[PDB]
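Inspection log for the structure reproduced underneath, given as structure tokens.
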Amino acid sequence: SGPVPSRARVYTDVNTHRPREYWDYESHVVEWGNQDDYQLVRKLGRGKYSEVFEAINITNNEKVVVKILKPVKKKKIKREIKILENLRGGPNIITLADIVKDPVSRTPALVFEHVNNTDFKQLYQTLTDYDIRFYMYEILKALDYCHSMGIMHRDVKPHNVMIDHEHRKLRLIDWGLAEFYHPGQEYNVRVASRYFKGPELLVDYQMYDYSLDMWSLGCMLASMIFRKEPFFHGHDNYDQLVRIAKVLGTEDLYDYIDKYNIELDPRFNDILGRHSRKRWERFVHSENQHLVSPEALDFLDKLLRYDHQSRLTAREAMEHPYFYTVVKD
Ligand SMILES: O=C1NC(N[C@]23C[C@H]4C[C@H](C[C@H](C4)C2)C3)=N/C1=C\c1ccc2ncsc2c1
């Protein structure tokens with residue numbers, strides 16, 4: 001028997017209908033720039049896979065960001081690069097401006113457009129109900145674009161959303177875990193941050209799709225409107241599914257595993273137990289009430305569904321009543 005297969009409900013065959021070179025990133029040959037065009041100014045941060053710096057392009061004096069890669073398999077660099085090139089000019093996608101290699105240490109560096117980004121903690125503190133709706137709509141433009149272009153980000157989370165509040169301007173960054181969607185493909189589940197992982201990853205269902213990004217958007221929305229970051233605070237990959245089960249209930253979970261005939265790691269047997277599906281009110285308090293509204297909760301319910309096939313698409317989400325104010329403006 002083994003697991004029941006799955007196809008995306010949308011954008012299913014988009015890569016099939018493209019030339020091979022579009023998605024066959026292992027064949028991509030990288031176009032190098034001149035490393036001497038960029039001088040590093042200061043360090044902005046350490047990532048899992050990179051060090052990130054402010055730099056100046058001495059050619060034109062433009063401010064630029066340089067992500068110096070820690071060692072990874074070349075095929076993964078080509079993948080990140082290919083996806084960035086494919087998505088360049090798309091709505092609210094970071095622009096890759098150049099690619100250089102240190103000619104001695106041989107370590108590669110991606111050069112990005114600069115976002116004058118507001119600090120993440122100071123932003124998830126000052127955001128009105130309207131700002132959230134605005135920025136969520138802006139993120140969904142990025143997700144609908146990338147999905148329509150055959151790509152799933154697989155690392156949606158607040159740290160990978162760069163907002164310049166002063167200019168009402170948003171960019172979805174860090175495409176280093178992104179992958180091409182191909183029907184029938186089994187993907188690695190060891191992706192995304194713990195708190196943003198979909199159930200499909202947690203139960204080891206590999207034949208997942210774009211809808212993964214819609215779960216992780218849900219997790220973001222919840223933490224923003226209920227002011228609880230993270231929203232699903234698991235202690236590990238197993239307890240993460242338990243945290244989810246304590247909110248969504250276990251009846252839907254076991255129906256989900258039954259539908260796709262998922263062999264469940266026996267360990268999970270114990271710790272899941274039996275849990276009712278909770279109502280969103282439990283997380284409403286006087287600190288957050290100004291951000292919680294019936295539309296917001298309707299919207300959130302339709303993202304956070306175990307069964308990836310039944311979650312909103314990006315395009316559907318953008319048509320939800322939560323965004324009727326933003327759409328008019
Ligand atoms: O690919 C990237 N990866 C990361 N990763 C980090 C990881 C931590 C959180 C956040 C800021 C630092 C530390 C760098 C993203 N940044 C990246 C890109 C980037 C592009 C433009 C830009 N403009 C202002 S900040 C910024 C960052």
Side-chain angles (χ1 to χ4, degrees), residues 25 28 30 33 35 37-45 47 49-57 60-61 63-74 77-102 107-120 122-123 125 135 138-139 141-143 145-146 151-179 191-196 213 216-217 219-220 223-224 230:
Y25 55 79
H28 186 64
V30 179
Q35 195 204 33
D37 287 13
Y38 311 100
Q39 326 196 291
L40 303 190
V41 169
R42 64 208 192 68
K43 198 185 227 146
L44 300 176
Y49 294 107
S50 79
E51 312 251 299
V52 175
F53 296 79
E54 192 176 82
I56 194 179
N57 187 339
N60 53 24
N61 262 75
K63 209 164 298 185
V64 114
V65 168
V66 178
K67 168 198 199 161
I68 302 169
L69 295 190
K70 298 168 165 160
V72 277
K73 292 197 66 184
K74 277 199 158 73
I77 318 190
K78 291 181 171 152
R79 190 228 271 165
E80 180 167 2
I81 286 162
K82 188 42 167 170
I83 288 179
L84 281 171
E85 289 172 354
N86 289 351
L87 300 176
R88 193 152 57 216
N92 306 323
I93 308 300
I94 199 71
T95 301
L96 177 68
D98 208 356
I99 316 160
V100 300
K101 171 135 55 192
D102 186 57
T107 89
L110 306 181
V111 181
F112 292 96
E113 72 171 289
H114 179 246
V115 183
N116 216 296
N117 67 288
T118 330
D119 168 84
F120 297 116
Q122 189 266 283
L123 201 44
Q125 267 178 357
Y135 288 134
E138 285 312 306
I139 305 165
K141 288 192 190 173
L143 295 183
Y145 188 63
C146 77
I151 312 302
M152 5 180 226
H153 188 272
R154 307 165 53 188
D155 200 33
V156 172
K157 70 180 184 190
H159 281 180
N160 292 332
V161 174
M162 285 292 165
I163 296 152
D164 173 359
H165 197 14
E166 202 197 299
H167 297 105
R168 300 209 98 222
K169 210 203 64 185
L170 175 152
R171 294 287 173 284
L172 177 58
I173 71 161
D174 192 4
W175 295 83
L177 278 144
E179 188 55 280
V191 308
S193 312
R194 191 189 305 169
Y195 306 141
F196 300 83
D213 289 335
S216 47
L217 190 66
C219 295
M220 273 190 51
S223 47
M224 283 175 353

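Atoms within each ligand, like the ligands themselves, are counted from 1 in listed order. The first residue in the sequence is number 1, and the count goes up from there. Just so you know, these numbers use all the heavy atoms, side chains as well, and skip hydrogens, waters and symmetry mates.
Residue-ligand proximity, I94 to ligand 1, at heavy-atom distances under 4.0 Å covers atoms 20 (C), 21 (C). Interface atoms of ligand 1 facing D174, defined by a heavy-atom separation under 4.0 Å, are 1 (O). Taking every heavy atom of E113 and a limit of under 4.0 angstrom, the matching atoms of ligand 1 come to 21 (C).
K157 has no carboxylate O lying under 4.0 Å from a charged side-chain N of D174, or vice versa, which leaves the two without a salt bridge. With respect to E54 and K63, no salt bridge is recorded, no charged nitrogen being found less than 4.0 Å from a carboxylate O.
Aromatic ring pairs are classed by plane angle as parallel below 30°, tilted from 30° to 60° and perpendicular above 60°; the pair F120 and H159 is tilted.
When heavy-atom distances to ligand 1 are checked against a 4.0 Å cut-off, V65 comes that close only through its side chain, counted from C-beta outward.
For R171, the salt bridge (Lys or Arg N to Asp or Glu O under 4.0 Å) test picks out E113, with sequence neighbours left out. Residues that satisfy the salt bridge (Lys or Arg N to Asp or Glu O under 4.0 Å) test with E85, not counting sequence neighbours, are absent from this structure.
Not a single N or O atom of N117, backbone or side chain, sits closer than 3.5 Å to an N or O atom of ligand 1.
Not a single heavy atom of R171 sits under 4.0 Å from any atom of ligand 1.
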